[PDB]
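Novice: What follows is query.pdb, made up of PDB, C-alpha atoms:
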```pdb
ATOM      1  CA  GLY Z   1     -39.221 172.398 102.540
ATOM      2  CA  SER Z   2     -41.837 174.795 101.189
ATOM      3  CA  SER Z   3     -44.606 173.698  98.823
ATOM      4  CA  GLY Z   4     -44.916 176.622  96.430
ATOM      5  CA  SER Z   5     -43.176 177.397  93.146
ATOM      6  CA  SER Z   6     -41.744 180.844  92.411
ATOM      7  CA  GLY Z   7     -45.032 182.166  91.065
ATOM      8  CA  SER Z   8     -48.490 181.886  92.610
ATOM      9  CA  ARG Z   9     -52.192 182.292  91.838
ATOM     10  CA  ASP Z  10     -52.232 185.361  94.086
ATOM     11  CA  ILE Z  11     -49.682 188.051  94.935
ATOM     12  CA  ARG Z  12     -48.697 187.714  98.592
ATOM     13  CA  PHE Z  13     -44.909 187.415  98.765
ATOM     14  CA  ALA Z  14     -44.289 188.862  95.302
ATOM     15  CA  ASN Z  15     -43.542 192.447  94.272
ATOM     16  CA  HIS Z  16     -45.858 192.506  91.255
ATOM     17  CA  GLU Z  17     -47.040 195.944  90.132
ATOM     18  CA  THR Z  18     -50.640 196.905  89.373
ATOM     19  CA  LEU Z  19     -51.921 199.167  86.596
ATOM     20  CA  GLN Z  20     -55.387 200.326  85.543
ATOM     21  CA  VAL Z  21     -56.495 200.363  81.905
ATOM     22  CA  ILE Z  22     -57.253 203.882  80.679
ATOM     23  CA  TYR Z  23     -58.170 202.907  77.119
ATOM     24  CA  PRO Z  24     -59.112 199.760  75.154
ATOM     25  CA  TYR Z  25     -56.742 198.103  72.686
ATOM     26  CA  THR Z  26     -57.387 195.580  69.914
ATOM     27  CA  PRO Z  27     -54.474 193.118  69.605
ATOM     28  CA  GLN Z  28     -53.476 191.287  66.424
ATOM     29  CA  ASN Z  29     -51.590 188.315  67.864
ATOM     30  CA  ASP Z  30     -50.795 186.429  71.071
ATOM     31  CA  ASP Z  31     -47.627 188.413  71.776
ATOM     32  CA  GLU Z  32     -50.003 191.187  72.838
ATOM     33  CA  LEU Z  33     -53.021 191.140  75.155
ATOM     34  CA  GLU Z  34     -56.489 192.681  74.902
ATOM     35  CA  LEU Z  35     -57.164 195.796  76.979
ATOM     36  CA  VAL Z  36     -60.422 196.709  78.717
ATOM     37  CA  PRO Z  37     -61.496 200.028  80.290
ATOM     38  CA  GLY Z  38     -61.966 199.504  84.016
ATOM     39  CA  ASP Z  39     -59.677 196.507  84.446
ATOM     40  CA  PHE Z  40     -56.254 196.007  86.028
ATOM     41  CA  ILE Z  41     -52.917 194.692  84.763
ATOM     42  CA  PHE Z  42     -50.244 192.988  86.863
ATOM     43  CA  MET Z  43     -46.735 193.735  85.594
ATOM     44  CA  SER Z  44     -43.732 191.573  86.477
ATOM     45  CA  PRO Z  45     -39.995 191.958  85.745
ATOM     46  CA  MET Z  46     -39.631 188.199  85.302
ATOM     47  CA  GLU Z  47     -42.182 188.401  82.488
ATOM     48  CA  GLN Z  48     -40.852 191.486  80.703
ATOM     49  CA  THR Z  49     -40.565 191.057  76.935
ATOM     50  CA  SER Z  50     -40.080 193.838  74.386
ATOM     51  CA  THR Z  51     -41.255 196.269  77.066
ATOM     52  CA  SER Z  52     -38.093 198.343  77.469
ATOM     53  CA  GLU Z  53     -39.027 199.590  73.998
ATOM     54  CA  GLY Z  54     -42.503 200.833  74.867
ATOM     55  CA  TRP Z  55     -44.773 197.867  75.547
ATOM     56  CA  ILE Z  56     -45.378 196.145  78.883
ATOM     57  CA  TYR Z  57     -45.943 192.497  79.798
ATOM     58  CA  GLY Z  58     -48.700 191.999  82.353
ATOM     59  CA  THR Z  59     -51.769 189.979  83.311
ATOM     60  CA  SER Z  60     -55.454 190.920  83.296
ATOM     61  CA  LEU Z  61     -57.614 190.705  86.419
ATOM     62  CA  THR Z  62     -61.002 190.161  84.774
ATOM     63  CA  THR Z  63     -60.092 187.558  82.155
ATOM     64  CA  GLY Z  64     -56.757 186.471  83.594
ATOM     65  CA  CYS Z  65     -54.805 186.505  80.338
ATOM     66  CA  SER Z  66     -51.271 187.876  80.014
ATOM     67  CA  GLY Z  67     -49.468 189.543  77.126
ATOM     68  CA  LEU Z  68     -47.826 192.668  75.729
ATOM     69  CA  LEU Z  69     -49.701 195.977  75.775
ATOM     70  CA  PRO Z  70     -49.015 199.666  75.020
ATOM     71  CA  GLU Z  71     -47.858 201.513  78.137
ATOM     72  CA  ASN Z  72     -49.911 204.372  76.695
ATOM     73  CA  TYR Z  73     -53.118 202.477  77.468
ATOM     74  CA  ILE Z  74     -52.635 201.835  81.184
ATOM     75  CA  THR Z  75     -51.721 203.722  84.357
ATOM     76  CA  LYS Z  76     -50.216 203.183  87.807
ATOM     77  CA  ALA Z  77     -52.495 201.728  90.481
ATOM     78  CA  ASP Z  78     -53.423 204.502  92.912
ATOM     79  CA  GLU Z  79     -56.503 202.784  94.339
ATOM     80  CA  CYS Z  80     -54.827 200.407  96.791
ATOM     81  CA  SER Z  81     -53.233 201.832  99.936
ATOM     82  CA  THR Z  82     -50.762 200.313 102.397
ATOM     83  CA  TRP Z  83     -51.226 200.068 106.164
ATOM     84  CA  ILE Z  84     -47.866 201.239 107.507
ATOM     85  CA  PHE Z  85     -45.601 201.412 104.457
ATOM     86  CA  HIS Z  86     -44.640 205.079 104.141
ATOM     87  CA  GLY Z  87     -42.283 205.030 101.170
ATOM     88  CA  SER Z  88     -41.722 208.758 100.720
ATOM     89  CA  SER Z  89     -43.548 212.060 101.192
ATOM     90  CA  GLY Z  90     -42.885 215.793 101.179
ATOM     91  CA  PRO Z  91     -42.149 217.599  97.894
ATOM     92  CA  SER Z  92     -45.460 217.203  96.063
ATOM     93  CA  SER Z  93     -44.952 213.468  96.576
ATOM     94  CA  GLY Z  94     -47.711 210.941  97.195
TER
END
```
What do you get writing this file as structure tokens?

Specialist:
Amino acid sequence: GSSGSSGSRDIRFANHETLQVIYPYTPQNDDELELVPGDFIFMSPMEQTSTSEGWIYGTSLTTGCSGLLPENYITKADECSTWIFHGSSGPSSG
């Protein structure tokens, strides 16, 4: 069949989200992950743990480590743009 587990080293056929760190954060355990200003964080629903509360499970782009972080330290990725994908536009939407 196909040689490739569910996950992958790179996001090609996955719907992983991308967020940019807006402020640093000093963790205290593994459960959480270190945050760095100017880095990205890949969030996945299959890796969500204690997020619904306020945190968010993702993976760093610089280091490559994953863990829980405060949603109040990151932001949506508005740097990457699609090629044809429209999504939605009109009422102050973009």

Novice: Expanded to explicit residues, what is the PyMOL selection byres ((chain Z and resi 48-52) around 10) for this file, as a PyMOL selection string?

Specialist: chain Z and resi 31+43-47+53-58+67-71

Novice: Go through Z:20, Z:28, Z:88, Z:3 and flag the residue nearest residue 62 in chain Z, using all atoms listed in the file for the distances.

Specialist: Z:20

Novice: Just the number, please: distance in Å from CA of residue 27 in chain Z to CA of residue 76 in chain Z, one decimal.

Specialist: 21.2 Å

Novice: Which value, in Å to one decimal, gives the distance between CA of residue 17 in chain Z and CA of residue 4 in chain Z?

Specialist: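 Here the two named atoms are 20.4 Å from each other.
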
Novice: Please, what distance in Å, to one decimal, runs between CA of residue 25 in chain Z and CA of residue 64 in chain Z?

Specialist: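 CA of residue 64 in chain Z lies at a distance of 15.9 Å from CA of residue 25 in chain Z.
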
Novice: For a quick check of understanding, using only C-alpha atoms, which of Z:26, Z:18, Z:75, Z:81 has the smallest distance to residue 61 in chain Z?

Specialist: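 For residue 61 in chain Z, the nearest of the given residues is Z:18.
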